[PDB]
Amino acid sequence: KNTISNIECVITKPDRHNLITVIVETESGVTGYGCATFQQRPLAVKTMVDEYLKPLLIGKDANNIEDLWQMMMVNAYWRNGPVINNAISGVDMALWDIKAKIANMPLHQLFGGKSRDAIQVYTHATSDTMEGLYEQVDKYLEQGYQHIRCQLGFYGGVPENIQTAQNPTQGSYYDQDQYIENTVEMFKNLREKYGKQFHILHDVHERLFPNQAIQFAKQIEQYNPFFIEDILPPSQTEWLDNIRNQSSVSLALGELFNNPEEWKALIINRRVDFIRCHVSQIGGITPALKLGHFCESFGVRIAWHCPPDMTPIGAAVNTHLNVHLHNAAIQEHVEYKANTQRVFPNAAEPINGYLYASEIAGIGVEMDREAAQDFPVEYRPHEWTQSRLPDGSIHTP
Amino acid sequence: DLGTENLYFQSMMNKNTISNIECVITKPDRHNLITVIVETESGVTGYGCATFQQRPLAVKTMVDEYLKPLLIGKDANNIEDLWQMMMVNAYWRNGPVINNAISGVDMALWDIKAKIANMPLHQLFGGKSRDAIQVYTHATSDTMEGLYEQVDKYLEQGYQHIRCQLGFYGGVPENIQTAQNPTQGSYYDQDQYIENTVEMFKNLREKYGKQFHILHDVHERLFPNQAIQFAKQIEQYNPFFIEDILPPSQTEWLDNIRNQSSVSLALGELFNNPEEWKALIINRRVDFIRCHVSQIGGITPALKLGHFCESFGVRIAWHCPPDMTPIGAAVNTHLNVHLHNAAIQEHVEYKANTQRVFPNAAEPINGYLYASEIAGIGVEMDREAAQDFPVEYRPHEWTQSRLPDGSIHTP
Amino acid sequence: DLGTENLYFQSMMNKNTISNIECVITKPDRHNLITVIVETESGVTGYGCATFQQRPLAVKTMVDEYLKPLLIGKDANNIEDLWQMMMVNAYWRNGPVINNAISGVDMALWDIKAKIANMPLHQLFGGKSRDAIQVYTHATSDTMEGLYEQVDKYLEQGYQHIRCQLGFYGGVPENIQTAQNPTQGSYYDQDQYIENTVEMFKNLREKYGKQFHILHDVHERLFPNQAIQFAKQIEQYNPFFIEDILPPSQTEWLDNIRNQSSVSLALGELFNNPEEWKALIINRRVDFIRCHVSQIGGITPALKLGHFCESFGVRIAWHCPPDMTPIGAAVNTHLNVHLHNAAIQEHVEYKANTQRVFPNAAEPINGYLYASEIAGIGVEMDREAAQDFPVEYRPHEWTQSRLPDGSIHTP
Amino acid sequence: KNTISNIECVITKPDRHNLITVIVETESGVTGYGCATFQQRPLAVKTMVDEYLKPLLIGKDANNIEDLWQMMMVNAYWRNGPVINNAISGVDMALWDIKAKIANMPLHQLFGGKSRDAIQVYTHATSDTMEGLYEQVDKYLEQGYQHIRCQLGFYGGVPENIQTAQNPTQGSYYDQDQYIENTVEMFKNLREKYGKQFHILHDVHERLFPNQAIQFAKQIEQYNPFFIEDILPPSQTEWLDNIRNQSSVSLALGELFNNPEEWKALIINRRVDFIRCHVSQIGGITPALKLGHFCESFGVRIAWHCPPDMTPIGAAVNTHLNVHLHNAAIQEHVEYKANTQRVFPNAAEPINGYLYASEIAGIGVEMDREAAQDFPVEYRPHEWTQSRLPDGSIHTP
Amino acid sequence: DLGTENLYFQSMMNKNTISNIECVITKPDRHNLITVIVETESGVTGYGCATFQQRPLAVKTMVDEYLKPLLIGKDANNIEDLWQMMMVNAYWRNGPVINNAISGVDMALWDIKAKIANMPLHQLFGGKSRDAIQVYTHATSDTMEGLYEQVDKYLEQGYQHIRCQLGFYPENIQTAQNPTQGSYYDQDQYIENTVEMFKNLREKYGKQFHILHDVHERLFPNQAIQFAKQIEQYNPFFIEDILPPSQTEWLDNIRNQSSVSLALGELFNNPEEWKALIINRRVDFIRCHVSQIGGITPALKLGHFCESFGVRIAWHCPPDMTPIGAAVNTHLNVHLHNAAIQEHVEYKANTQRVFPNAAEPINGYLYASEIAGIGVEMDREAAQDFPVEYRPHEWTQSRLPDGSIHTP
Ligand SMILES: [Cl-]
Ligand SMILES: [Cl-]
Ligand SMILES: [Cl-]
Ligand SMILES: [Cl-]
Ligand SMILES: [Cl-]
Ligand SMILES: [Cl-]
Ligand SMILES: [Cl-]
Ligand SMILES: [Cl-]
Ligand SMILES: [Cl-]
Ligand SMILES: [Cl-]
Ligand SMILES: [Cl-]
Ligand SMILES: [Cl-]
Ligand SMILES: [Cl-]
Ligand SMILES: [Cl-]
Ligand SMILES: [Mg+2]
Ligand SMILES: [Mg+2]
Ligand SMILES: [Mg+2]
Ligand SMILES: [Mg+2]
Ligand SMILES: [Mg+2]
Ligand code: NA
């Protein structure tokens, strides 16, 4: 019986992103750390943890993670969504951290142990020129990456070479046909230069309307991308059937999900090959395990969302999940910077294309509380989310 | 092109630039209520409901820290752009906290547009498609006789529809066989609830026959096999609707019910993601949609959802609980007299403190709620009154709903 | 209840009683155009489009003899009730004659409401969700070079989308192997049409590459096996859309296409019954809905259909042919800047006679149509100008479309 | 080769209804008569015939009914709907009348002859009291009817015993629950008094919302009605699946149809037992034959709509169709009055529960042109179509 | 009741009582043909086609021993009732022998009705919806140059559609040691010859004419699917009988991934064979042999059923059919709006003698007869110079290299 004695939520911005950590203290003296990172609205997550989860949780038994999760999820009656789920996730991860520490085992060992030696990793190559891409690709290949997500061009900002209306509404503009043309050209160039040296990934980032997605799938399937990610927004995934009926292209989707109705039909109908959920968005380790299991039955594999806007605690959690879950496929990775490494010591980095799970007791990564205070929250507008098409229409960003 | 430039100039002339956004939490009676206020350079002020009573400070953080700096300086006229833009602004989206904050703004923008048009809100929409909306109220008691007393009172007031509940479900497990040291929570027994409710319907029909329409809210208390059995048990009593017979995540089990029972079904007060309702409606799994307008992001998506339902022949009974501002209720009445497929409006009487903070809140008359006829929504918040009643923490222990073995059930 | 009585009194005060209904047919240029005019006691006049060019006198009989005595004395404010009531008023319903007559009234009532609100029509709806709508125009010629000439002209004007057609299809069967004494009609050969069109796409892409979006209207010329083959033949050329690849009665054959071709599809200009579009959209058989707004009964059902399409991710390209008043076109532009899922507006230049009868008709500027910014729809009919151009009988011989063996095909 | 020399459209109102007849003259001297009756909008039908069908048709070969039908149907480009279809129907029926006359055969013999001796008939018993119903039922039983459509109560007019809003909008009001209660009570009374002496039919006339229709189906299925008609409006027939899945009630629908999309899914999915199309509403004899054939394949039977608002020419056409089409089931009938019999001589009336097809050349019933002029068109508002529910909402009438 | 009896008198005065039923098998040329003749008290005689060439004595037995005593005395006017009655008369129903026998009577009854009406058959139906029906003919050879020679001839005659078959030139196939007797073929060789045939024709003639090809149920489903993808680029007007009637659900696998135009149904004699096929749009043309489904009466209904689903009609018109049957199909083809094309093979002189006035295509079109009735009858004295003769039809014992029977 391990009574929860305190709950804290710290927002820290060591580098580019507002990061959110939840800290759970227990009377047994064991402390857990969890990721609650919803970078766009961090003060709302912190309010949720401080004003609501904390008085709910203090005095309750930390051992019973499953009950505390089921209870937390329905506690406000209305449920699901990014603010509640991230707050819960931070607590849930911290609770698993504590249980693993008390067991004196690495997190993935609690789960049932390894089903692979380490998880393969992909990184990001992004440039406004092919030469910029080549330079980044060559570097990553030298470091031993076998999977690289490639993007030609940047899409947003002022509408310079775009035929807008005469007085366009303020926003971040792009042209879907330009994006398609550039991306197809990128794939053609890369295959001509590198052949089958590495797996090419690409993130469509819900930029397209359904008919454009179906066309794009047909234009790039010959290049056998390891996956094409978020080819459609979450509200339109039924359109995937048109693609699956006539194209061999490998698809990944789901980083935006925070309600189970978003993924069930998707997986039951085998509309994607990889699920890309952001663990903290779906409510933490507890539901991530069940989702991995649900996918496994249908033969869908796992590529959890691992963006720079996530703590290294969250990344370590994902690696524990990835070496355990038999249907885990690959882990997204972006290099950490000095400030972030200082606030979150011992964060693992890929080695020759692989990320290895921590082997000490717990998640294996905590937050240095003193170092975090050197980097308070800082407001950012995130102007790219005001994504507009040439006619001035908002499109899903 | 000069002509095009002139047309834009003319657009700028009729602009209503947002000058301020505020979020007030107020608790005049039992519930923490949330109002968003939007001011414009033209001096026209809008009021909207952002009420998520269980997490009000999170909604207020959302409005104050994020929606405000996003919206100041923008043209209030273009509600549709502002809604589409607000909905995706955090990238991750949907959910009760963001949707309520957005609803508060959306409703206030519609209020502003209607005031500038000098019309009641429903007239902006396209006008009335009914004279007024029928209303149901709530009768709840731990005895059948206590229920009859409340029923008799409402029938005398002219209500023709009453949501009836026999028994109270929650609290300490007094007459429930739990494990030896039950986990702290609000306990109930599903079988006792089913038994009490079936008996309630039987007794009401014996006593009142066809005098009034009987509604009942299952409130996601049941597992699917219990739901299917219950539908067969009470279908003979022809409820006007049986509400939330299953939680949002299990609505595919409604097919089993629709295939074998004639029972009339309502669902959806918990929805805050469109994936929750699309399959539900497309497959005609319910007869009434019950969404909470602020939970789905305001008037803008409510109109669309109304129209979507209408094509499938599904009707509308928006959620109108005590935990909603009278502003939200007035908005619902405007939507209800306008949308042709609206069916009925839930109502609970306002207490004096609430009436003080929100003057002119409409009450049903002979079983009908009438839409406001002055410009705008027609109901505002008294800001000075509101501040006498600041937010106050409530745990809402009923949401820790436990079954006899100590497990959580959807509350 | 006195308070309720006062509220009704207040409703009566803001009433706009219909005082007159008129229907004018006018033919300033090539087409018989139809405008409905609605007057109110308040002195506010509305204008709407009721254009069914092939049967204008039937539409006028419908307005003058039936809708007029039905509507005089009724409150114009309640567009939604008036629409629901008009739609069922003859018992039998739907169809091009009744829908157009109703559309004329519905659009004029919306015009009146917007004028009384002192807002542009799109602002009544909820405001803009785009700055302006993109526009495509028509290029048609019997030679590839003649097509390039028209294309070059439109590209210079800033169009980014052009509907292209190579060859003309109809008239006497000059180079067609018919039976010995072919029945009188407008003859064409499906295979020659397919061959010409495929070559047209190939040549345009070779000449212009990705410079502009290519549209093409199949105009229900084909049998389903021809449609499926054609989709596979031109999908590589990525048309912006292929329009009416099948007649309305054969759209289930679109599944065969959707399952094997990436081709972008548009359909629906012929619809005047909701059963024609529901399955189409629910099953995502097209990418753009193409309904003719007056054919489906006006702005009121157009808004609903827009919203319905939006939930399924289907976008909107309302039919905007020469046989429609500039009033109808302005209405379409208002719907297009408002509805978030609107995609593009078809446009053909107005001739001087037409401009005289309908002053202030908007023209595209650099490939965009901008919504009017004055109160109302923004475009009216000049009644004195209109009468210089009375109805004139036209047979429309192209609708007697025959295949080489002499059989009728959907025209 | 039989050239069309003239086309005329006469509206006549010998009794209660504006009736519409189309007359086609041919150079061979043979004259055809057809029904185009859309009683609510007769001047629009007449305009359509006079101003559009006539100049299209004069000079064309009357023999080729199939081509003339296909051609007429698409002639305005936009198509289907009650005004165009009724005008076409009048011409189509008149063309078949001419062909039968030239063949010197009764219409049904042209078709392929009889597949039954005569068609069974039902009539209408309607009263605001049960005693009124009993009196009408007893009469019809005595005349040898074995099928009677029964209705208790009248639904419309001023809202006397209805709880409306305080100032209800002008219209024709009814209460759906009152209607259901009365109708169930009617069935119970009739079965108690008459047992299985006759088949009971009832017309719901689209008065109900879907959940009310499903309930009503369950409340009356025990009474084994011969059919329940129009239990739902045409836009909601997909709801019939809920009924068909759980109720044995026999259903009829379709009098409102004037677009084939309205009936195809209905019949393919066996959602009704009888189709009730109004022949002139679907465009005449030509499409009625095809529809009968289409239904036959699916096992759906035919009860063509035969209301008082139809010429006796139209009724005779329906009897010719009914003795020919093997899946025809029953013919609705209402007695003709003196004025109507004068304008349309020799109209057949049921005999001992049966209607017999005409046996002279042609349809067998024509219009007396002189007698029709004594009864010009007269405007009627048809106020019942402004049908409102207690809250003042329009409902499908 | 008086008025009803008076109606019953007028009907009686117009009744046309069947007085005799006859069935003649005749073999003027290559095929045993079957004609039913119905006589009436009117003195009006009708002729119909009952041709099931492989089993003609069974059909004749069916007519002479069973339909004849059933029909004598009954009113010929009521074709619909007599059809419904005949179809269920042996309780067990459907099938090629019963349906052909019934078809002969049915067509003959329509012939009589049209003669009494003094109208061409198609005019009874409601008249023309086209001027004439386009025609395809048969080009068959064991060499490409033989094919070219026939194609060139037909093109000069004005045909725009040609069914092309390139056959083999079990002596060259790898069978087992002592192959069971039968008519052997190799599916892979057939597929290869056919693909190369299409390729050559398009190379040589481009889009000069529409190419049709009859697979004649020779393939397994995986081979049918492959073949569809192999020839779809050549845009055949239709590929006929790509699968046997029992395996048509496999057509979905084709429809989901190929644009190939398909026709099927000449083998059908039971409605259950075509309903799902049409409801699910699994073919583009229905190919039913009219006498196999039981005559004009059900052909009219089937055409209407097809029309609703957008399926078009190409009735089976082989050489093993009377010219009476062919004329009936042309009447059906000029009337039904969804009729597409009529198969035709040239009549030889003996057949012309037995069936005078049989129409031939003119410039790629067949014109419906314009006299009263079907327009073609059998000359009974000439028919008896050509009595039935037994033929084994050894091609129906169709075997694969391993000795297995395959659908022929
Ligand atoms: Cl930023
Ligand atoms: Cl755009
Ligand atoms: Cl109080
Ligand atoms: Cl509480
Ligand atoms: Cl509580
Ligand atoms: Cl339990
Ligand atoms: Cl000009
Ligand atoms: Cl013309
Ligand atoms: Cl023309
Ligand atoms: Cl043709
Ligand atoms: Cl009346
Ligand atoms: Cl009501
Ligand atoms: Cl010869
Ligand atoms: Cl042989
Ligand atoms: Mg991504
Ligand atoms: Mg509830
Ligand atoms: Mg078009
Ligand atoms: Mg009826
Ligand atoms: Mg064959
Ligand atoms: Na496919």
# chains A, B, ... in the order shown; residues from 1 in each chain; ligands from 1
$ residues_around --residues "residue D:93" --least-positions-apart "3" --cutoff "7 Å" --atoms "only C-alpha atoms" --output "MDAnalysis selection string"
chainID D and resid 33:35 89:90 96:97 284:285
$ interface_residues --of "chain E" --to "chain D" --cutoff "7 Å" --atoms "only C-alpha atoms" --output "PyMOL selection string"
chain E and resi 7+10-11+77-81+117-118+123-124+126-129+301+304-305
$ write_last_selection --atoms "C-alpha atoms" --output "PDB file, in the first residue's frame"
ATOM      1  CA  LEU E   7     -67.924  -8.321 -70.476  1.00  0.00           C
ATOM      2  CA  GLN E  10     -67.046  -9.883 -75.491  1.00  0.00           C
ATOM      3  CA  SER E  11     -63.934 -11.668 -74.207  1.00  0.00           C
ATOM      4  CA  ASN E  77     -54.783 -14.523 -76.211  1.00  0.00           C
ATOM      5  CA  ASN E  78     -53.641 -14.791 -72.611  1.00  0.00           C
ATOM      6  CA  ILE E  79     -49.915 -15.332 -73.130  1.00  0.00           C
ATOM      7  CA  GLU E  80     -48.942 -14.191 -69.646  1.00  0.00           C
ATOM      8  CA  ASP E  81     -51.167 -16.716 -67.886  1.00  0.00           C
ATOM      9  CA  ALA E 117     -53.135  -7.193 -84.375  1.00  0.00           C
ATOM     10  CA  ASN E 118     -51.808  -6.746 -87.926  1.00  0.00           C
ATOM     11  CA  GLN E 123     -44.830  -2.743 -82.486  1.00  0.00           C
ATOM     12  CA  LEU E 124     -46.975  -4.838 -80.089  1.00  0.00           C
ATOM     13  CA  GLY E 126     -44.513  -0.524 -77.716  1.00  0.00           C
ATOM     14  CA  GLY E 127     -42.570   0.179 -80.897  1.00  0.00           C
ATOM     15  CA  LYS E 128     -38.956   1.024 -81.737  1.00  0.00           C
ATOM     16  CA  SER E 129     -36.527   2.822 -79.467  1.00  0.00           C
ATOM     17  CA  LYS E 301     -39.018  -8.870 -68.076  1.00  0.00           C
ATOM     18  CA  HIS E 304     -36.525  -4.391 -68.010  1.00  0.00           C
ATOM     19  CA  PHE E 305     -34.768  -5.789 -64.927  1.00  0.00           C
TER      20      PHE E 305
END
$ closest_atom_pairs --of "chain A" --to "chain B" --cutoff "6 Å" --atoms "only C-alpha atoms" --output "tab-separated table"
residue	atom	partner	partner_atom	distance
A:40	CA	B:90	CA	5.3
A:44	CA	B:58	CA	5.4
A:47	CA	B:58	CA	5.7
A:48	CA	B:58	CA	5.9
A:75	CA	B:399	CA	5.3
A:76	CA	B:54	CA	5.3
A:78	CA	B:270	CA	5.7
A:80	CA	B:95	CA	5.9
A:81	CA	B:95	CA	3.7
A:256	CA	B:92	CA	5.7
A:261	CA	B:275	CA	5.8
A:385	CA	B:89	CA	5.2
$ residues_around --residues "stretch 103-116 of chain E" --least-positions-apart "6" --cutoff "7 Å" --atoms "only C-alpha atoms" --output "list in words"
residues 35, 36, 37, 38, 44, 45, 46, 47, 48, 49, 50, 76, 77, 79, 83, 124, 291, 294, 295, 296, 372, 373 and 374 of chain E
$ residues_near_ligand --ligand "ligand 18" --cutoff "12 Å" --atoms "only C-alpha atoms and all ligand atoms" --output "PyMOL selection string"
(chain C and resi 91-92) or (chain D and resi 123-124+149-151+201-207+227-233+251-257+275-278+303-309+332-333+397)
$ residues_near_ligand --ligand "ligand 13" --cutoff "8 Å" --atoms "only C-alpha atoms and all ligand atoms" --output "list in words"
residues 347, 348, 349 and 350 of chain E
$ write_last_selection --atoms "C-alpha atoms" --output "PDB file, in the first residue's frame"
ATOM      1  CA  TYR E 347     -27.481 -18.329 -93.271  1.00  0.00           C
ATOM      2  CA  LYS E 348     -26.711 -21.073 -95.773  1.00  0.00           C
ATOM      3  CA  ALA E 349     -29.023 -21.819 -98.709  1.00  0.00           C
ATOM      4  CA  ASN E 350     -30.707 -24.910 -97.208  1.00  0.00           C
TER       5      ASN E 350
END
